[PDB]
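A single chain comes next, written as structure tokens; it is the form deposited in one PDB entry.
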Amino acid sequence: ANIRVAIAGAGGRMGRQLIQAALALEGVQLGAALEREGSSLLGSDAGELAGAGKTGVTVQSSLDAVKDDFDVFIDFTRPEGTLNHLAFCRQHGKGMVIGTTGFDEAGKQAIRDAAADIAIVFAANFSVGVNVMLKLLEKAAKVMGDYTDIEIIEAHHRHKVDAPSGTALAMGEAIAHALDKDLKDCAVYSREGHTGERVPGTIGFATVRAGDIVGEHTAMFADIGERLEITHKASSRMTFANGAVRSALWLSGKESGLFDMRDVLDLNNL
């Protein structure tokens, strides 16, 4: 057994998938399970809380009340919630895995700054699959990227409010960059009516919105006579939960530093 973890947001959609990824994953022990103050607990965290019962781990509201039973903090909640946890941790030297998105800048500066006293793994997408794909797209842009036509199709469930996906964009920059360009100089997002021919040097984006699709990203580099395509399909949010949980175990032994998934996946040596 090992590394104890505290899963904040235990009853939230992400927090559940985390309890499971933790119980059924070796080298990591479920130390605590938090929650908002003024919400129905359910003691046995992962017990009732996450499908499969048991776990004498009880979903508290404290923190100081748990300081000694978790080595690492996994946070997929809210920027307001996160900043607070970030402050207790940084005081008592607990490392954190941060999957809360949506911080204002002043927000990220906290994290950056806190990362000098404690070890933080903070990332926009915690799916290993998406993280590799991003490195591949790079190598690839470096050969065919140039002289090939480059389009990015992403599909999402019917409740995503913003188009294109933040991953599709992330995919776009990975590529714009590698060819040494700027995504904003060469991106095209809409195609309506008489468009005229496809401007060379541009990166187009198509976005599908339907049913419950969790998340699909495709990149193609099309030439005359051939097409390369790299697709990552997400069938479940558990995909992100294994990534976060694998990162905790990774931060094991670490102190000070801000890392991300490339750090954890060693993708810079790739």
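One-based numbering along the sequence shown. Throughout, rigid core stands for the largest set of C-alpha atoms superposing within 1.5 Å between the two forms.
As for the form deposited in another entry, it is not shown, yet the points below apply to it.
- Put the two forms on the same core and the Cα of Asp117 is off by less than 2 Å between the shown form and the other one.
- Core-superposed comparison between the shown form and the other one: CA of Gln60 displaced by less than 2 Å.
- A displacement of less than 2 angstroms separates the C-alpha positions of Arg78 between the shown form and the other one, with the rigid core held in common.
- Relative to what is shown, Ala33 and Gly47 are closer in the other form; their C-alpha atoms differ in spacing by at least 3 Å.
- The distance between the CA atoms of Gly47 and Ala6 is at least 3 Å shorter in the other form than in the form shown here.
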